[PDB]
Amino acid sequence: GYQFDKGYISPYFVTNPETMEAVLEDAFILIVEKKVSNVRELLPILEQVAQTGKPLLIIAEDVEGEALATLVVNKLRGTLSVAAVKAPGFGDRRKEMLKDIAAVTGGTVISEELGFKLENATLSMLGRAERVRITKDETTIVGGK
């Protein structure tokens, strides 16, 4: 499995309060280099995943504000099975680890600095994994595709 030392951004993402873990199976993986704050650029890809019924892990520099609130209310209501974690590291080390995660999961790194806008993402840009386990402190990606 591929592990990294950042856990869930919000404890509302837990799925098993016995273990205080979030466990996502047959999940899509959205890998975003930037900070996500505005709901509007996340809606398009959330709509696309919602119709699939499969879970989604978002890895971003951070997820805050209205975008975070949106994720929390949809998870608590059972409308989406989602979790978000911060990208590990900073600077070139962060960019290296996002590349490794994309490679392991078959996804594409959505990088604003290279010109890609999040509102334009599609399901084919998402990575996939058989299982994701997230604690307060770490994320493990198992069976990346």
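A residue's number is simply how far along the shown sequence it sits, counting from 1.
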query: Between the two ranges 17 to 25 and 133 to 141, the one averaging a larger CA B factor in the entry; finding: 17 to 25
query: Third of the chain, ranked by Cα B-factor, where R94 sits; finding: middle
query: Chain-wide C-alpha B factor ranking for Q48, given as lowest, middle or highest third; finding: middle
query: Entry-reported Cα temperature factor of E112, expressed as the chain third it lands in; finding: highest
query: Ranked against its chain, the third holding the CA B-factor of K35; finding: middle
query: Modelled-residue ranking by C-alpha temperature factor, third containing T70; finding: lowest
